[PDB]
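Below you'll find the structure, written out as structure tokens, and then a few comments.
Cβ: placed from backbone, ideal geometry, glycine included. Neighbour counts: every protein chain shown. Throughout, read-outs are computed from the coordinates displayed, never taken from laboratory work.
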Amino acid sequence: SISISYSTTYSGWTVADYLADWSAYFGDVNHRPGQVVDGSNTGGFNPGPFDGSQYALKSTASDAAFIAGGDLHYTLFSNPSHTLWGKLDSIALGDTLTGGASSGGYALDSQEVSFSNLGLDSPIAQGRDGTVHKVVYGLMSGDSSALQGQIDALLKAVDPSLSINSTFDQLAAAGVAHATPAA
Ligand code: HEM
């Protein structure tokens, strides 16, 4: 089942409100045709260059950032083009990225909320219609709707009364979330 970690700073917030707020600060990195010419809006994989246990990206509008974790693969120019697929186990949201390929992998200087044990697996055959692709590309483009929908489905799988409209504290009372220090 899904496992959620959240800073106590967000206790009485619902999952939906947090994601809408984080997405508002992250914005859209404009990772679209003809607009990706360098590493300013590509993000990066660990180990990379196009496959890894982590994909991380910082906003070009603020210092908001996220890290997707699992067994991820990006097709780039091969068919189906520009598709992220594979297994997505976690999404960590926060502020300011650190790491790369030295002391280890990627991390967030301030990790606000994370969703783990997602259990998502999208085969390459699904192309951009796969859930993994929609979830991550949505985050890159300022539309966390796909992530919100998947989290909602995973919470309802635990109990039909849970939802992204539930406060993080209610999810902790349900045994699905765990509060971490204000900082
Ligand atoms: C190493 C990281 C990445 C690099 C170097 C990269 C590079 C590129 C480039 C150069 C383009 C432009 C293509 C063009 O002008 O025709 C592009 C487009 C695109 N990329 Fe990436 N990308 C990366 C990661 C990702 C990830 C993780 C996703 C999905 C979650 C993604 C989704 C897309 C999509 C949907 C397009 C639009 C293609 C279209 O509309 O035809 N990219 N990418």
* Of the residues in region 65-76, how many are within 19 Å of the chain's Cα centre (by Cα) and on the phi > 0 side of the Ramachandran plot? -> 1
* What helices (runs of 4 or more DSSP H) lie completely within region 121-176 and have 1 or more residues being without any contact (Cβ under 8 Å) to a residue 60 or more places away in the chain, within 16 Å of the ligand (Cβ to nearest atom) and surrounded by 17 or more Cβ atoms within 10 Å (Cβ to Cβ)? -> 131-140, 145-158
* To do: Looking only at region 77-94, decide whether some residue is under 11 Å from the mean Cα position of the chain (by Cα) and acidic (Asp, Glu).
  => yes
* Restricting attention to region 95-131, and to residues there that are β-branched (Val, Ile, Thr) and under 21 Å from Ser59 (Cβ atoms), which single residue is farthest from the chain's Cα centre (by Cα)? -> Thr98
